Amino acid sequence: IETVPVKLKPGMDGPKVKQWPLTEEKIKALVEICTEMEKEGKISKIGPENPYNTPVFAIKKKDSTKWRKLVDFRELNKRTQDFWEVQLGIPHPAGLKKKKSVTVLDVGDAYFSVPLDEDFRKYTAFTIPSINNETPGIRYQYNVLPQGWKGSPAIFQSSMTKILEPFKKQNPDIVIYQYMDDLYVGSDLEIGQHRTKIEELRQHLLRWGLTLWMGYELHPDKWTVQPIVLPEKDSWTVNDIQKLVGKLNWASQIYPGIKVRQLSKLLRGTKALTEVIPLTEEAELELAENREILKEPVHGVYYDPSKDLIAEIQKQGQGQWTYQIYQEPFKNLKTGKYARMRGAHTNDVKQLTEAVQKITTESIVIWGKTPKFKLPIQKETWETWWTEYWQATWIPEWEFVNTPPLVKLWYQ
């Protein structure tokens, strides 16, 4: 029941991040939520001798209609002393990505029973803002561990084991992983039988309470990585062959032995674009050979946990989106395609925002760390609306893409 000493890193102050404007209903809802968390001792008012701040805002989580309190702990997390004291942090389970199914369970609800180190609470400062800057902002600090802080799982780490040693020993088939305030639970089981072993853990997390009710169902074994394919036609126009040679030329940056000499030859001259060109046998050969090369994966594409993960997203239209994760250009560690039906249809930014969430989930599962996104959106449009659609309790980093790539077609 005693706190665990936490420091920042030397030469770093606490976070002093501005709170951005919130709508009236989101302020109204944070006020009630923070008024219960005050009564429950989870937070306490603070005074102006506290210089620190961390933005806060309000959401609804999936298939629930109750405002939830989200705290963007990104900047504190950069400044927080990574916890390599006893253990060097929970290693990533390479087995979690190889599982027929993975369910994500919100265990943040447990964090609020652990006290936080009184020296450190000054650093979790946040502010409910007022409309129009009329009344000053309502300031609180955290007493318990904060949902969204990277220290909260690190510190619950040991204590989360003594809840899960019964279960891990009971089902040594399962892999169970924790990132932030989420529990990732993977089994090779049948899906009906995988759901049962989950509800097994919902009740086993109620027993510990005495001394968090729904299921998000990934399938890392109902997805893989994505080859570059070439069209298959009986007749080709000049345009068809120009797009081909373009795509092969781009793919040659990735796969070395790709050749376009005999297809290019057909593009000699200046025929009309919609004109059918017969393929030379040299060119049919060169195309078949390229198709070969593109069935192998890339050689020497190794993850390196000392470098950053980058995520690029392209808008393909009609609710379809593509993405690539990598560390070094052309050495993709995963690629993918996200698709519509999901409050999409008429709001690109909700699509993009959901797409950023799925990729970051897939990214936790594969490496236990979030990538830096390159978004195909104006900074100003994105910063205005992304919180209106966010549902997850973590937040990745992002920058913004302002030049339309040619590559959209190639990934198409």
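From 1 onward, residues are counted along the sequence shown. Rigid core here is just the name for the largest C-alpha set that superposes within 1.5 Å across the two forms.
Take 32-40 and 56-64, fit the other structures onto the shown form by the rigid core, and average the C-alpha distances in 6 other deposited structures of this protein: the farther stretch is 56-64. In summary, of the stretches 101-109 and 234-242, 234-242 shows the greater Cα distance from the shown form in 6 other deposited structures of this protein, with structures fitted on the rigid core.
When the other compared entries with both flanking residues are checked, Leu145 is modelled in all of them, not unmodelled in a third. Coverage remark for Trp213: absent from the model in at least one third of the other entries compared whose chains are built on both sides.
Per the record, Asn132 and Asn133 follow each other directly, and no deposited residue is missing between them. For the segment pair 370-378 and 44-52, the entry gives 44-52 the higher mean B-factor, averaged over Cα atoms.
For the pair 199-207 and 147-155, the record assigns the higher mean C-alpha temperature factor to 199-207. As recorded in the entry, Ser64 carries the highest CA temperature factor of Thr384, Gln357, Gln351, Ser64. If you compare the C-alpha temperature factors of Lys162, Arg268, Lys247, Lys337 in the entry, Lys162 comes out highest. Remark: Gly317 belongs to the lowest third of its chain, ranked by C-alpha B-factor as recorded. When the CA B factors of the chain's modelled residues are split into thirds, the value for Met341 lands in the highest one. The deposited CA B-factor of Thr224 belongs to the highest third of values across its chain. When all modelled residues of the chain are sorted by CA temperature factor, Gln81 is found within the highest third. Among all modelled residues in its chain, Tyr323 ranks in the lowest third by Cα B-factor.
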